[PDB]
Amino acid sequence: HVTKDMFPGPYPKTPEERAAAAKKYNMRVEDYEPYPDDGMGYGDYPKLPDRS
Amino acid sequence: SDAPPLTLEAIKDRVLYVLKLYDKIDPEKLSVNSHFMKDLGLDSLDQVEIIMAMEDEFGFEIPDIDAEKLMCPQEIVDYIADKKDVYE
Amino acid sequence: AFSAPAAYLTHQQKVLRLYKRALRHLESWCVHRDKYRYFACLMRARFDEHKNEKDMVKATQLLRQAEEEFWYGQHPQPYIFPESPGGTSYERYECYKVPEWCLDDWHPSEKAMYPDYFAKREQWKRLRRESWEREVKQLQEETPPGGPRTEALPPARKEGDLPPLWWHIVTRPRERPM
Amino acid sequence: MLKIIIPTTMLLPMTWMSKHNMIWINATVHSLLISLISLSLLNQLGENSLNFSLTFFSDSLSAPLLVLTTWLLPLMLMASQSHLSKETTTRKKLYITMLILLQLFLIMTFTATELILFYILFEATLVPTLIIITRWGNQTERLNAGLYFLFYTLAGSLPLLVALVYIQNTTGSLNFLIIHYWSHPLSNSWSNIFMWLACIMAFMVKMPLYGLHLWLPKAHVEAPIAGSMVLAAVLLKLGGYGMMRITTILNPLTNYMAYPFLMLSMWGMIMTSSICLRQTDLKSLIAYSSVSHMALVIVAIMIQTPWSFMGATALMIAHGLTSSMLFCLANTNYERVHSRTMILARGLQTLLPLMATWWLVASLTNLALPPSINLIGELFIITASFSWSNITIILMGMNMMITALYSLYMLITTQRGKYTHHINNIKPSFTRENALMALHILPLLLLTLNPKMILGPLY
Amino acid sequence: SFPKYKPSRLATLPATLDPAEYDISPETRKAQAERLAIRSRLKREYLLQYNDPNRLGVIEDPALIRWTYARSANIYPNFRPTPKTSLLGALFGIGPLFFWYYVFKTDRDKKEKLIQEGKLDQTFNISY
Amino acid sequence: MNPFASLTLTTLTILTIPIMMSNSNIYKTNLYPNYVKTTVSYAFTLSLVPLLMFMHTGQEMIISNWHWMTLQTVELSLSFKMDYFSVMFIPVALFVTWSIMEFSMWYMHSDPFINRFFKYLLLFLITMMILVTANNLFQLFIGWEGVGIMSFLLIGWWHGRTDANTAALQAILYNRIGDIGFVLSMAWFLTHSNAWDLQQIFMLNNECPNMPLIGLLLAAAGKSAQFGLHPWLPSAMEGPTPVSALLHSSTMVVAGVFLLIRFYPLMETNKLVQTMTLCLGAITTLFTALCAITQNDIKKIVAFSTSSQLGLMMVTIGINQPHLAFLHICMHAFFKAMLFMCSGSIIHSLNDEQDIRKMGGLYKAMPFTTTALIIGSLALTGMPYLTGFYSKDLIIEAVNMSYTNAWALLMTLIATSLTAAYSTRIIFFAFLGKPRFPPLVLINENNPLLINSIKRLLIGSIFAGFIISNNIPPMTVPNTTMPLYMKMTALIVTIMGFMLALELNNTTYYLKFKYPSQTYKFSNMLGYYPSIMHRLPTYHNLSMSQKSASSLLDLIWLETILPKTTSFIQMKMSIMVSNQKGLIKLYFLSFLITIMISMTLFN
Amino acid sequence: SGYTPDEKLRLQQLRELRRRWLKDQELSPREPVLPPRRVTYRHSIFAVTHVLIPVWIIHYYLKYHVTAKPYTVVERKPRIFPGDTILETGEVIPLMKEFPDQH
Ligand SMILES: CCCCCCCCCCCCCCCCC[C@@H](O)O[C@H](CO[C@H](O)CCCCCCCCCCCCCCC)COP(=O)(O)OCC[N+](C)(C)C
Ligand SMILES: CCCCCCCCCCCCCCCCC[C@@H](O)O[C@H](CO[C@H](O)CCCCCCCCCCCCCCC)COP(=O)(O)OCC[N+](C)(C)C
Ligand SMILES: CCCCCCCC/C=C\CCCCCCCC(=O)O[C@H](COC(=O)CCCCCCC/C=C/CCCCCCCC)COP(=O)(O)OCCN
Ligand SMILES: CCCCCCCCCCCC(=O)SCCNC(=O)CCNC(=O)[C@H](O)C(C)(C)COP(=O)(O)O
């Protein structure tokens with residue numbers, strides 16, 4: 001039932017695609033923030049509070 | 001265990017017992033449907049110490065988000081019976 | 001646990017939570033009853049000095065110094081009721097909680113035992129079947145457009161209706177199934 | 001040896017001319033009968049071997065693997081019986097045909113008096129497994145997996161073939177007996193180094209070595225249950241059999257050359273055992289556990305001592321049985337939940353208690369609990385490595401601890417706690433699954449009574 | 001006054017000691033309101049898909065699928081060769097191997113020397 | 001013929017019959033627990049006979065009955081050792097087990113899976129009997145792992161509880177940490193001595209080197225919860241009370257110490273290992289008593305007391321007195337089992353309440369448990385002509401009269417003081433003050449099972465020390481001469497502990513409240529050891545197992561090197577080769593160039 | 001604070017339904033309909049079926065199989081003290097050196 005656009009993509013660069021990713025992950029644009037854009041394959045995924 | 005199967009009458013009796021013991025409430029003026037803030041003029045801190053007395057009494061503690069919005073003995077007994085799965 | 005939280009906690013809610021926690025931790029400190037009563041009354045007298053303060057900035061400055069003090073003096077091993085999230089029997093009987101639908105998978109030789117119970121269960125299933133198709137429309141019409149704003153559910157308003165999404169809250173297994 | 005090969009070949013006629021609804025029963029019955037026949041090879045001697053003919057010979061290293069190979073087929077049939085219910089009779093018959101072909105190729109591979117014939121059958125075993133994974137696989141990445149599972153092997157296998165033919169031009173024979181009796185030392189030269197590497201790498205890639213273990217999680221996750229069973233139980237043991245057979249010519253160059261692979265295996269067993277701790281998938285977790293166990297077996301083979309070989313043989317047999325059982329349990333979960341992730345379906349012990357017992361037994365035997373043969377092989381390899389060098393005990397102990405940790409983690413996450421609420425389509429376990437697990441576990445606890453049956457020719 | 005509790009990675013700041021919560025603004029209240037609105041639409045969708053009598057299967061969770069796919073199959077396509085990544089990979093995958101090789105080679109060299117000079121006392125060393 | 005062998009094998013054999021009948025119909029009835037209890041009691045009264053035979057004669061024997069696989073010159077066989085230690089420990093364990101199952105028949109009444117509980121208890125008993133009587137290292141390892149697995153199963157008795165599963169995994173972790181040293185010792189012994197048999201190991205090792213003894217010490221420290229690997233025993237209290245009364249207090253946790261008892265001839269010929277054992281035991285007993293001195297949960301403080309007693313036993317081993325350590329095992333089993341039994345009766349009477357802050361006056365509200373616990377506390381502290389006295393008086397006597405460490409001596413004395421102090425803490429806070437439980441009183445004791453089971457161990461804790469000490473043959477030189485003050489140190493220190501702790505607890509009644517110091521906070525959080533060591537290593541492991549292990553090498557770089565570089569190279573050269581526009585002009589020019597190259601290159 | 005008027009109605013209906021279900025959870029006197037079909041004294045039988053047969057079997061196996069092979073059972077060679085006599089030979093170990101006895 002799931003679509004292609006639902007899955008994580010590449011690291012967001014513009015505010016528009018950052019916003020689109022935030023809507024994808026069911027979070028506010030102000031609350032969304034990706035991991036640092038380094039070689040490690042986090043890509044486009046929320047860096048949630050580490051809290052246990 | 002050997003615990004007697006407590007019933008609604010026992011819960012209400014015990015709650016009214018704890019309510020009567022408290023000095024700030026005249027025993028003859030309270031009731032099952034007696035409100036706390038207006039019927040009896042008890043403070044919010046008075047309601048939280050009533051919650052504390054109930055928690056000590058029954059051996060379990062009520063969540064505060066449920067505790068802060070309990071203002072009558074009848075609804076408190078109802079909440080506790082719902083928590084303890086009481087038949088009658 | 002039953003009632004849904006709100007979008008935030010007001011100042012009075014926060015002060016009540018601190019009062020509750022502080023009194024509980026003090027009781028954990030004072031094992032004997034008379035000492036606990038004395039220090040709890042002293043605590044309540046200290047607390048009620050500022051009930052009539054009206055400055056929002058002063059109110060914010062208050063209860064925060066109180067929270068830091070409480071964190072310093074919190075009795076690193078507080079008393080917990082056995083069934084509380086920190087108790088010694090918090091989730092003892094979760095291994096005894098089985099769902100309702102497992103009875104749907106019972107062998108007919110097993111279902112031959114307890115026939116009245118399964119007849120009543122059949123009545124319950126029919127009631128749920130009708131009440132659900134009623135509740136779908138009831139919730140679809142009652143909900144604010146653009147999605148719900150609070151996760152609290154409305155009650156039933158006609159005569160034959162039942163509360164929306166009622167089956168799995170009424171049909172909880174038990175507190176102590178065995 | 002033909003008394004085992006011929007009935008296996010006749011299974012093909014038996015399945016294709018069977019009634020459209022009687023394929024499973026006939027295949028299961030005759031496979032169990034063939035296992036009973038293959039049990040006869042266990043009567044080995046302390047002398048050379050069981051030289052049946054110029055083409056086939058048996059050994060106390062070949063016999064346990066042959067018996068396990070014959071025994072696995074009924075289990076594979078019973079496991080695959082479920083998810084092939086909605087298939088045409090032609091495709092189910094093709095599936096069973098692939099299974100029989102794989103068993104036949106393994107049977108001919110494990111006797112293989114000659115090295116070139118061994119290589120040919122050892123490479124022919126690739127095709128039916130590839131077809132099973134790529135055709136009766138669920139996801140879209142299965143094709144990719146197949147390519148991986150192919151090319152690695154071929155990249156490893158091609159120099160070996162060259163090495164093999166070169167050997168026949170210099171020695172004059174590739175029969176195992178002449179090779180053993182006429183063996184001569186290998187002078188430490190560059191050409192001999194490359195010969196050693198060519199002879200070893202083909203089997204090293206299939207074990208798999210820690211560096212070359214990428215293919216195994218993909219192949220296990222993508223394969224159907226029968227593919228996972230045959231890959232975990234037997235298809236990983238081909239590398240061990242090949243190295244054990246081929247190391248005789250490689251002396252004395254083995255002592256110098258073995259250091260990189262020994263270091264890789266000793267560190268990679270820790271690395272994959274730790275990887276098992278953070279895994280969101282059952283089949284991936286069991287794949288990494290298989291990598292750890294086969295790394296220990298690689299260490300045992302490279303050490304090249306009597307205790308090393310005995311422990312390696314015992315561990316190969318035990319790990320095959322245990323991994324097949326664990327994959328069966330995971331597939332039992334998948335066919336019910338259709339998710340294949342550990343965290344979703346939870347607290348199943350309250351709901352499936354006897355399957356919880358099977359889970360506990362499989363986890364205990366994967367944990368290498370004494371006196372199971374898993375621990376027998378583990379302890380023999382550990383003692384041999386300690387004799388090799390006293391520092392290895394640290395790594396072995398770390399591996400044992402992490403093994404216990406991840407095995408009990410895999411038991412805890414799935415069986416204990418509270419069930420997921422929204423799940424309701426979980427039906428009570430069938431008799432087929434319970435019989436599958438019982439037939440998996442009983443041979444292990446029976447074999448621990450007679451360990452000498454699975455300790456190899458160096459016993 | 002009382003001594004300050006210092007938060008750490010493994011012992012985080014208490015909920016009631018955050019300076020951020022006490023700085024209240026209508027923007028912050030709107031943020032919390034929309035957060036709870038998102039939480040409530042999620043809860044409503046879950047309960048609607050949950051209490052239906054017709055449904056007899058797993059409720060597929062988009063969040064869990066995103067979690068698993070990001071963990072497993074999204075790593076390499078987003079990888080880039082960086083000095084940090086290259087150095088970390090080379091270190092953590094190469095250094096331990098050479099370290100253990102050095103340790104074991106040194107130990108075996110010492111043992112072989114002790115063997116050749118004859119003072120190792122291998123009496124009763126029969127199984128190897 | 002010589003009924004020693006027949007009786008000593010029949011005991012263990014009949015211990016397993018209910019396990020064989022676990023598939024029968026009786027397992028589906030309510031009479032199974034009674035069946036198991038009767039079987040174990042009969043086993044105990046049957047094992048009483050070889051003990052009498054040894055007492056009369058001193059008869060020792062080795063029974064190698066079944067021959068397992070033989071590996072070249074090494075021979076493995078099912079061998080049982082029936083020395084003084086085995087024949088002495090068997091009846092004590094069976095007696096304590098009988099008492100524990102009699103208690104369980106009442107405590108686990110409302111448990112739907114009670115037959116499974118009794119089956120688990122009997123499996124643990126069988127595994128411990130296997131461990132004790134083993135003659136070779138392999139059978140010892142079999143028992144070693146069996147008891148640990150049964151402990152894991154019994155701690156996580158309520159699988160719906162997250163913390164119970166956490167405690168079970170913690171016990172497994174620490175026991176595997178000890179297993180590292182165990183396997184090290186086994187490998188060393190086979191490699192050098194060429195056998196796993198105790199006889200050949202003793203024979204061929206006149207001066208045992210460091211490595212095997214260090215491995216044995218690591219295994220014993222892992223199993224007995226010494227200072228390095230202590231917290232699993234306090235955390236093991238999550239399981240039901242009889243499990244903690246049998247396994248984690250008196251039978252399983254002595255096994256590691258018992259292992260160091262088994263190899264005492266090799267322990268006596270090495271001095272560094274003895275020093276390490278002594279120091280580890282001293283630090284363990286002191287730390288555990290200090291932790292116990294501020295605990296509110298009753299099971300936790302009794303568990304810490306058990307840990308301190310195990311540390312004392314390790315000190316006794318370190319001072320080269322194995323027989324005294326074994327005697328201390330024997331008496332500790334009795335009185336600690338009865339202590340935990342009293343605690344369990346208390347907890348059941350107060351609706352599963354374990355914190356002592358909600359427990360007040362039970363001296364008169366329930367008198368038999370009061371007198372049993374007071375006897376047990378007096379015995380544990382150690383008193384003249386009390387069971388704990390023989391083990392306690394002798395241990396202090398020997399450590400004081402030996403060439404040991406002064407620091408270990410001092411920590412042992414402070415440990416005795418803290419032992420008396422926590423005993424008076426528990427009795428004071430649980431039996432003397434005003435009641436503090438919920439008003440609904442469900443206090444009851446009139447149950448024959450609890451009374452008989454408690455009184456059997458009471459009779460044991462009063463008489464067994466004297467009877468056994470005066471019954472066994474002498475095995476060591478006694479300290480007959482001593483300065484009067486040095487003879488009395490144990491009594492004076494226990495009296496000071498009693499008095500000082502009593503006076504400190506008496507100040508609680510005062511209407512004054514002050515904030516604790518740093519020392520109390522350090523003592524309450526278990527020296528902060530469970531915090532740091534359960535958050536710092538784990539995290540730094542788990543993170544790595546995902547970052548460097550899972551993604552960095554396996555998913556990226558190992559993928560990059562062999563397969564991905566190959567794929568990219570194939571892609572590029574395929575594109576280069578196949579990209580021809582089909583103009584025969586370029587093909588013909590290239591053909592001419594190649595013809596020229598061939599004419600100029602190959603000749 | 002407190003519940004809202006609408007909230008009370010939901011709790012009332014839900015709690016009454018919960019009571020109905022929880023009452024339905026009870027049992028009738030005939031509900032466990034069991035289908036029957038078949039095909040000192042306690043201690044006396046237990047003492048022979050659980051003690052006597054095992055000792056018989058173990059003693060047989062020890063005396064006639066285990067002890068048949070050498071070195072399977074090895075004893076302690078019991079202590080010999082001065083003044084005793086040995087049944088097999090009949091000699092007496094000589095007494096000691098008559099140390100001075102006082103206190
Ligand atoms: C459910 C609750 C319990 C009910 C049942 C209670 C009864 C329990 C008894 C069962 C086990 C308890 C231990 C008792 C052991 C007695 C039997 C044992 O002694 O016999 C063994 C014999 O067993 C066999 O050796 C082990 C069987 C090997 C299993 C082979 C696998 C089976 C084929 C299946 C396909 C293979 C798949 C795996 C390929 C390798 C060892 O024999 P051994 O002491 O030496 O010499 C025999 C006498 N000799 C000298 C004349 C020869
Ligand atoms: C990626 C996951 C694992 C993949 C497989 C890894 C295992 C294969 C690695 C092979 C190990 C080394 C190969 C050759 C070993 C020879 C011994 C050498 O290391 O020692 C010195 C050799 O000296 C120098 O090392 C010469 C070799 C230098 C050139 C080799 C390249 C080194 C790095 C390349 C590694 C890349 C491997 C994979 C490529 C695809 C001793 O000096 P010398 O006494 O004079 O030579 C002795 C040999 N004689 C007797 C024949 C003369
Ligand atoms: C998992 C995939 C890995 C694939 C295996 C890679 C390692 C195998 C080594 C490369 C192939 C070599 C095959 C050689 C076959 C054996 C023949 C032999 O040993 O005979 C030698 C021949 O030796 C050679 O010719 C070796 C030359 C190799 C050329 C191609 C090498 C391919 C690249 C090598 C670099 C990688 C080496 C290690 C890689 C390890 C795996 C990654 C003697 O030659 P003669 O002239 O007849 O002797 C007369 C004089 N005494
Ligand atoms: C052992 C642990 C020690 C912890 C110590 C913590 C320090 C304690 C000292 C606290 C000092 C204060 O009072 S901090 C004072 C914070 N500011 C105010 O209280 C202003 C107005 N007060 C309210 O509105 C309340 O709700 C009220 C009217 C009281 C009740 O309301 P109700 O009518 O709805 O019951």
# chains A, B, ... in the order shown; residues from 1 in each chain; ligands from 1
call {"tool": "residues_around", "arguments": {"residues": "residue 354 in chain F", "least_positions_apart": "4", "cutoff": "9 Å", "atoms": "only C-alpha atoms", "output": "mmCIF file with N, CA and C atoms, in the first residue's frame"}}
result
data_model
loop_
_atom_site.group_PDB
_atom_site.id
_atom_site.type_symbol
_atom_site.label_atom_id
_atom_site.label_comp_id
_atom_site.auth_asym_id
_atom_site.auth_seq_id
_atom_site.Cartn_x
_atom_site.Cartn_y
_atom_site.Cartn_z
ATOM 1 N N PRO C 82 3.636 -0.709 45.143
ATOM 2 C CA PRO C 82 4.069 -1.872 44.344
ATOM 3 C C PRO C 82 3.636 -1.826 42.888
ATOM 4 N N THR C 88 7.672 -2.701 42.869
ATOM 5 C CA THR C 88 8.219 -4.047 42.769
ATOM 6 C C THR C 88 7.289 -5.017 42.049
ATOM 7 N N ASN F 296 16.264 0.087 52.055
ATOM 8 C CA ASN F 296 14.905 0.045 52.582
ATOM 9 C C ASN F 296 14.149 -1.215 52.190
ATOM 10 N N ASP F 297 14.416 -1.769 51.010
ATOM 11 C CA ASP F 297 13.785 -3.017 50.608
ATOM 12 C C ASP F 297 14.429 -4.180 51.354
ATOM 13 N N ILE F 298 13.593 -5.077 51.882
ATOM 14 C CA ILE F 298 14.084 -6.140 52.754
ATOM 15 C C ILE F 298 14.892 -7.168 51.964
ATOM 16 N N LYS F 299 14.401 -7.561 50.788
ATOM 17 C CA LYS F 299 15.115 -8.557 50.000
ATOM 18 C C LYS F 299 16.476 -8.032 49.561
ATOM 19 N N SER F 343 11.365 -13.217 55.576
ATOM 20 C CA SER F 343 11.082 -12.050 54.747
ATOM 21 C C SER F 343 9.909 -12.317 53.813
ATOM 22 N N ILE F 346 6.660 -12.205 55.637
ATOM 23 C CA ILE F 346 6.350 -10.800 55.895
ATOM 24 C C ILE F 346 5.748 -10.144 54.657
ATOM 25 N N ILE F 347 6.370 -10.357 53.496
ATOM 26 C CA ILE F 347 5.926 -9.684 52.276
ATOM 27 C C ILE F 347 4.550 -10.183 51.860
ATOM 28 N N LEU F 350 1.693 -8.560 53.952
ATOM 29 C CA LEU F 350 1.418 -7.146 53.725
ATOM 30 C C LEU F 350 1.067 -6.834 52.274
ATOM 31 N N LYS F 358 6.887 1.187 55.105
ATOM 32 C CA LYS F 358 5.469 0.936 55.324
ATOM 33 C C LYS F 358 5.238 -0.282 56.209
ATOM 34 N N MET F 359 6.231 -0.650 57.015
ATOM 35 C CA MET F 359 6.142 -1.775 57.935
ATOM 36 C C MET F 359 6.553 -1.328 59.326
#
call {"tool": "residues_around", "arguments": {"residues": "range 68-77 of chain G", "least_positions_apart": "6", "cutoff": "12 Å", "atoms": "only C-alpha atoms", "output": "JSON, numbers by chain"}}
result
{"F": [1, 2, 4, 5, 6, 54, 57, 58, 59, 60, 61, 62, 63, 64, 65, 66, 67, 77, 78, 79, 80, 81, 82, 83, 84, 199], "G": [60, 61, 62]}
call {"tool": "residues_near_ligand", "arguments": {"ligand": "ligand 2", "cutoff": "7 Å", "atoms": "only C-alpha atoms and all ligand atoms", "output": "ChimeraX atom specification"}}
result
/D:188-190,193,211-212,257,260-261
call {"tool": "residues_near_ligand", "arguments": {"ligand": "ligand 4", "cutoff": "6 Å", "atoms": "only C-alpha atoms and all ligand atoms", "output": "ChimeraX atom specification"}}
result
/B:43-45 /C:12,22,25-26,46-48,50-53,59,62-63,66,69-70,73-74
call {"tool": "residues_around", "arguments": {"residues": "range 128-141 of chain D", "least_positions_apart": "4", "cutoff": "10 Å", "atoms": "only C-alpha atoms", "output": "ChimeraX atom specification"}}
result
/D:84,91,94-95,97-103,105,124,145-147,149-150,218-228,230-231,235
call {"tool": "interface_residues", "arguments": {"of": "chain D", "to": "chain E", "cutoff": "6 Å", "atoms": "only C-alpha atoms", "output": "compact mmCIF listing (two decimals) with N, CA and C atoms, in the first residue's frame"}}
result
# COMPACT_ATOMS: atom_id res chain seq x y z
N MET D 263 43.58 -13.54 11.64
CA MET D 263 43.23 -12.26 12.24
C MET D 263 41.84 -11.82 11.81
N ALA D 384 42.26 -25.81 21.18
CA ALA D 384 43.27 -25.83 20.13
C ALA D 384 43.86 -24.44 19.90
N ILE D 423 -2.30 -6.59 16.62
CA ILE D 423 -2.17 -7.91 16.01
C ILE D 423 -3.30 -8.79 16.53
N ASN D 425 -4.38 -11.70 13.98
CA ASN D 425 -4.52 -12.79 13.02
C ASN D 425 -3.58 -13.95 13.32
call {"tool": "interface_residues", "arguments": {"of": "chain D", "to": "chain F", "cutoff": "7 Å", "atoms": "only C-alpha atoms", "output": "list in words"}}
result
residues 211, 214, 271, 274, 275, 278, 369, 370, 371, 383, 386, 387, 393, 397, 401, 405, 416, 417, 418, 451, 452 and 459 of chain D
call {"tool": "atom_distance", "arguments": {"atom1": "CA of residue 18 in chain B", "atom2": "CA of residue 3 in chain B"}}
result
20.9 Å
call {"tool": "residues_near_ligand", "arguments": {"ligand": "ligand 3", "cutoff": "6 Å", "atoms": "only C-alpha atoms and all ligand atoms", "output": "PyMOL selection string"}}
result
chain D and resi 152+155-156+159+162-163+166+191-192+194-195+197-198+201+205
call {"tool": "write_last_selection", "arguments": {"atoms": "C-alpha atoms", "output": "PDB file, in the first residue's frame"}}
result
ATOM      1  CA  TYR D 152      31.487 -13.705  -5.413  1.00  0.00           C
ATOM      2  CA  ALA D 155      35.312 -14.743  -8.686  1.00  0.00           C
ATOM      3  CA  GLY D 156      36.584 -16.993  -5.921  1.00  0.00           C
ATOM      4  CA  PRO D 159      41.536 -19.259  -9.859  1.00  0.00           C
ATOM      5  CA  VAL D 162      43.195 -22.857 -12.804  1.00  0.00           C
ATOM      6  CA  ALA D 163      45.185 -23.953  -9.767  1.00  0.00           C
ATOM      7  CA  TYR D 166      48.013 -26.666 -12.962  1.00  0.00           C
ATOM      8  CA  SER D 191      54.331 -18.883  -7.370  1.00  0.00           C
ATOM      9  CA  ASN D 192      53.557 -21.190  -4.445  1.00  0.00           C
ATOM     10  CA  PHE D 194      49.650 -17.573  -5.481  1.00  0.00           C
ATOM     11  CA  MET D 195      48.860 -21.286  -5.764  1.00  0.00           C
ATOM     12  CA  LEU D 197      45.777 -18.247  -2.386  1.00  0.00           C
ATOM     13  CA  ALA D 198      43.995 -19.658  -5.442  1.00  0.00           C
ATOM     14  CA  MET D 201      40.102 -18.287  -1.530  1.00  0.00           C
ATOM     15  CA  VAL D 205      34.508 -16.848   0.190  1.00  0.00           C
TER      16      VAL D 205
END
call {"tool": "residues_near_ligand", "arguments": {"ligand": "ligand 1", "cutoff": "10 Å", "atoms": "only C-alpha atoms and all ligand atoms", "output": "MDAnalysis selection string"}}
result
(chainID D and resid 32 35:36 38:39 42 63:72 314 317:318 320:321 439:454) or (chainID F and resid 16:24 66:69)
call {"tool": "select_by_dssp", "arguments": {"residues": "chain B", "states": "helix (DSSP H, G or I)", "output": "VMD selection string"}}
result
chain B and resid 8 to 21 44 to 58 64 to 67 73 to 84
call {"tool": "interface_residues", "arguments": {"of": "chain F", "to": "chain E", "cutoff": "6 Å", "atoms": "only C-alpha atoms", "output": "list in words"}}
result
residues 192, 193, 552 and 556 of chain F
call {"tool": "residues_around", "arguments": {"residues": "residue 3 in chain A", "least_positions_apart": "3", "cutoff": "12 Å", "atoms": "only C-alpha atoms", "output": "number ranges by chain"}}
result
A: 6-8, 24; E: 62, 65-66
call {"tool": "residues_around", "arguments": {"residues": "range 44-50 of chain A", "least_positions_apart": "3", "cutoff": "8 Å", "atoms": "only C-alpha atoms", "output": "PyMOL selection string"}}
result
(chain A and resi 8-12+21+25+32-35) or (chain E and resi 70)
call {"tool": "interface_residues", "arguments": {"of": "chain B", "to": "chain F", "cutoff": "12 Å", "atoms": "only C-alpha atoms", "output": "count of residues only"}}
result
18
call {"tool": "interface_residues", "arguments": {"of": "chain C", "to": "chain F", "cutoff": "6 Å", "atoms": "only C-alpha atoms", "output": "list in words"}}
result
residues 31, 35, 91, 92, 94 and 95 of chain C
call {"tool": "closest_atom_pairs", "arguments": {"of": "chain C", "to": "chain E", "cutoff": "9 Å", "atoms": "only C-alpha atoms", "output": "tab-separated table"}}
result
residue	atom	partner	partner_atom	distance
C:6	CA	E:36	CA	8.0
C:7	CA	E:33	CA	5.3
C:8	CA	E:32	CA	7.1
C:60	CA	E:22	CA	6.9
C:61	CA	E:22	CA	9.0
C:64	CA	E:17	CA	7.5
C:65	CA	E:1	CA	8.8
C:67	CA	E:16	CA	6.6
C:68	CA	E:17	CA	6.7
C:69	CA	E:2	CA	6.8
C:71	CA	E:5	CA	8.4
C:72	CA	E:2	CA	6.9
C:125	CA	E:53	CA	8.7
C:128	CA	E:53	CA	7.6
C:129	CA	E:53	CA	6.5
C:132	CA	E:52	CA	7.0
C:133	CA	E:52	CA	8.9
C:136	CA	E:48	CA	8.2
C:147	CA	E:41	CA	6.0
C:148	CA	E:41	CA	5.8
C:149	CA	E:37	CA	4.5
C:150	CA	E:40	CA	5.6
C:151	CA	E:40	CA	4.6
C:152	CA	E:40	CA	8.4
C:165	CA	E:51	CA	6.2
C:166	CA	E:51	CA	8.1
C:167	CA	E:51	CA	7.0
C:168	CA	E:51	CA	7.1
call {"tool": "closest_atom_pairs", "arguments": {"of": "chain A", "to": "chain F", "cutoff": "10 Å", "atoms": "only C-alpha atoms", "output": "CSV"}}
result
residue,atom,partner,partner_atom,distance
A:39,CA,F:552,CA,9.5
A:40,CA,F:552,CA,7.5
A:41,CA,F:551,CA,8.0
call {"tool": "write_last_selection", "arguments": {"atoms": "C-alpha atoms", "output": "PDB file, in the first residue's frame"}}
result
ATOM      1  CA  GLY A  39      29.372  10.593   4.489  1.00  0.00           C
ATOM      2  CA  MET A  40      27.388   8.533   6.989  1.00  0.00           C
ATOM      3  CA  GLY A  41      24.119   7.391   5.462  1.00  0.00           C
TER       4      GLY A  41
END
call {"tool": "atom_distance", "arguments": {"atom1": "CA of residue 4 in chain G", "atom2": "CA of residue 26 in chain B"}}
result
28.0 Å
call {"tool": "residues_around", "arguments": {"residues": "range 34-37 of chain F", "least_positions_apart": "5", "cutoff": "12 Å", "atoms": "only C-alpha atoms", "output": "PyMOL selection string"}}
result
(chain F and resi 14-22+26-27+29+42-44+94-106+114-123+125+449+453) or (chain G and resi 42-43+46+50)
call {"tool": "decode", "arguments": {"residues": "range 32-37 of chain D", "atoms": "C-alpha atoms", "output": "compact mmCIF listing (two decimals), in the first residue's frame"}}
result
# COMPACT_ATOMS: atom_id res chain seq x y z
CA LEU D 32 12.87 -40.00 5.01
CA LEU D 33 13.53 -43.47 3.60
CA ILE D 34 16.60 -42.17 1.76
CA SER D 35 17.82 -40.64 5.03
CA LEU D 36 17.41 -44.05 6.68
CA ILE D 37 19.48 -45.61 3.89
